[PDB]
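In PDB author numbering, the protein residues as written are 11 to 59. What follows is a set of notes on a single structure, which appears directly below.
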């Protein structure tokens, strides 16, 4: 992604796919896409943005 906001949107989408609890922290939310190779692109993007 070339836009930080668009990156955040992609994260939220993956968070929905990972059924991330609304009471879960941002860090915990990212862990769901970090441990999942399928979203490794977003795991790195979260550091790029």
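In this text, a Cβ means the ideal position worked out from N, Cα and C, and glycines have one as well.
Query                                                                                                        : Result
Considering Cα atoms alone, identify which of 51, 48 and 57 is closest to residue 37.                        : 57
Kindly indicate which three-state DSSP category residue 60 falls into: helix, strand or coil?                : Absent from the model: residue 60. The displayed extent of the chain is 11 to 59, so no value can be given.
Determine the contact status of residue 59 and residue 26, defining contact as a CB-CB distance below 9 Å.   : no
How far does the alpha helix (DSSP H) with residue 24 in it reach, from first residue to last?               : 14-27
Could you tell me whether any non-hydrogen atom of the ligand MN is closer than 8 Å to the CB of residue 50? : Annotation note on the ligand MN: not contained in the displayed structure, which lists no ligands.
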